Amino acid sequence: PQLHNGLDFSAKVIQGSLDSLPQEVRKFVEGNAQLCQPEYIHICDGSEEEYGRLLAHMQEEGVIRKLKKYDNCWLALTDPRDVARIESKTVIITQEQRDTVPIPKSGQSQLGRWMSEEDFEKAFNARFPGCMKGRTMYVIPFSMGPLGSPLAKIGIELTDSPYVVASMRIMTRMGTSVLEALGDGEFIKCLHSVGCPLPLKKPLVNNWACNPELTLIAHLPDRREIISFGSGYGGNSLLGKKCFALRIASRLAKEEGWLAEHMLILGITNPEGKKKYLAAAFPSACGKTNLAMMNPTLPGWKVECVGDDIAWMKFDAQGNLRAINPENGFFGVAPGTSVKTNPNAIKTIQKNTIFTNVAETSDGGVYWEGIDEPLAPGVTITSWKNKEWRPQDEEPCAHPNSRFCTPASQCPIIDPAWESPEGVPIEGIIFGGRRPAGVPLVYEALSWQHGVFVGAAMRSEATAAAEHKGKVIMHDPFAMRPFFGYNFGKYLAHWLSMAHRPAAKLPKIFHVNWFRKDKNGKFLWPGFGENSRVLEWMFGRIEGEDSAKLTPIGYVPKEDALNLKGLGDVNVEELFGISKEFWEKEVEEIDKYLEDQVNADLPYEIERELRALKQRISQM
């Protein structure tokens, strides 16, 4: 078959067999093995023995530390230059720029970053040749969604990072069973490399292999390929999460007629024994995980978690909107997680959990800002910078974007249908972000078209999940600005087209704001478990209760319609105040934004909602 058998990497396989791979899987592995030149090839089987041996190797290489206070928990400290997503180095490659991003009017699009195929080939050939020299190439077969489910998509990731392999075992369904379900079927090609071939040219920091200078995360939807280079952080290296399940999946969803969204899925049950499922799209570090597994304060209410970050939704033959969580774990923000803000997350991360860039205590535990737990006498803290850290210092002991990686099955309130292949019926959709002023606590959209407009007009404060710093209010429509896989105008038209489906049970659409502050800078709403009071009103509105009052921005709860028992100290006037002067500026910014960023691809119905809202505000 060959003149020198130079394309036969079978001699470098330390686990598995190239003869046991499907045809297109073997070509994908051997092809990039020839390009990246790894010393070994490791075909993952997903077993606990492999996971155990993998952790031991990382512990011997100094990559991770063991947390002896907990059961099978591990800490990783990364290079300070590789701590979050880099939107400016995240690109999408299509033949036409207009397929990826709308051509702006004034210029420079904020709805994505497009790179031509010619430029990407130059960038690709300047990075990957010989990039895995002296390292092991791990072959990761993983399924997004329940295995064997016809509504699940299978991926193959190639990486030279054992930290990525362990995290993908938690975040996805990984192992040999995925290759058997795959067969000769298609798969998304995922190629990742830390970009530090051996011997090292540059000195390594915190044993974290990364190349910040050449960092690039590329998406090729026409070729169904994800190519990421130079970063170890989960958002850039766990390719089945943001890269596949959002960016690549959103384009596939548009083509096939479903939805891939940056949304949590929760099930809520009332004291009358009636349960409904809701979805909520909040921007990064805006409260999805806390809401998806909150501890309700109202007696007789129970909330169960289906997912906390990614939802795949599709209308069924009965007209219901069915959603699944394609993930297998929680990659949640660590700081702020305490027993009072998220006790269900505390119970989950007790075991089998990988932490990244959180502080370690001398007794083998974890620590971060907002953990709200005093330490015993004698217990010292080592910060995420691997330095002696004291409470009276300026630098935080944990990075603001530090994460835990925990299995979703360990969550105490995990929904008993979170792995159901048919999905859960969604009866409501929630938008919202961080607005310190103007936006009331909750309101309801007037129609489906107005609801789609509400998602498109979302604005929020910047967080630590990306590279955007400061307290500046940015646009983040549908909480998908960093994750749009294709033209946002076409994305809006795809959402609007759902109203044209036969017998489609369109969910109700709400908008919330947990973060409205007073004149002194403190929150008007306590939030966290108290958000069950807001969910109670949405539940009643879905049942058709006459609890709404019409406003120029939509329906708000009537007077005494919210349950405020126990919270008599809440100022309801400023919390639901709708100022005409504030909303005249708001429609001005939304108009200038949509006209510039969406331009000729703006659906008329979204334009009509903007015009109708501006008219209702002018009549105040």
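The first residue of the shown sequence is 1; numbering continues from there. Basically, rigid core = biggest C-alpha set you can superpose within 1.5 Å across the two forms.
- Looking at 512-520 and 527-535, the one farther from the shown form in 8 other deposited structures of this protein by average CA distance, after a rigid core fit, turns out to be 512-520.
- Of the two segments 434-442 and 143-151, the one whose CA positions lie farther from the displayed form in 8 other deposited structures of this protein, once all are superposed on the rigid core, is 143-151.
- The question of which stretch, 514-522 or 356-364, has the higher mean Cα B factor is settled in favour of 514-522.
- If you average the C-alpha B-factors over 399-407 and over 374-382, the higher value belongs to 374-382.
- The residue among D476, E536, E118, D160 whose C-alpha atom has the highest B-factor in the PDB entry is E118.
- Reading the B-factor column for the CA atoms of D99, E427, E261, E213 in the entry, the top value corresponds to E213.
- Remark: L278 belongs to the lowest third of its chain, ranked by C-alpha B-factor as recorded.
- Per-chain ranking of the deposited C-alpha B factor places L567 in the highest third.
- In this PDB entry, the Cα temperature factor of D222 sits in the top third of its chain's modelled residues, the highest group.
- Sort the modelled residues of the chain by CA B factor and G527 lands in the middle third.
- Placement of the Cα temperature factor of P557 within the chain: lowest third of the modelled residues, per the deposited record.
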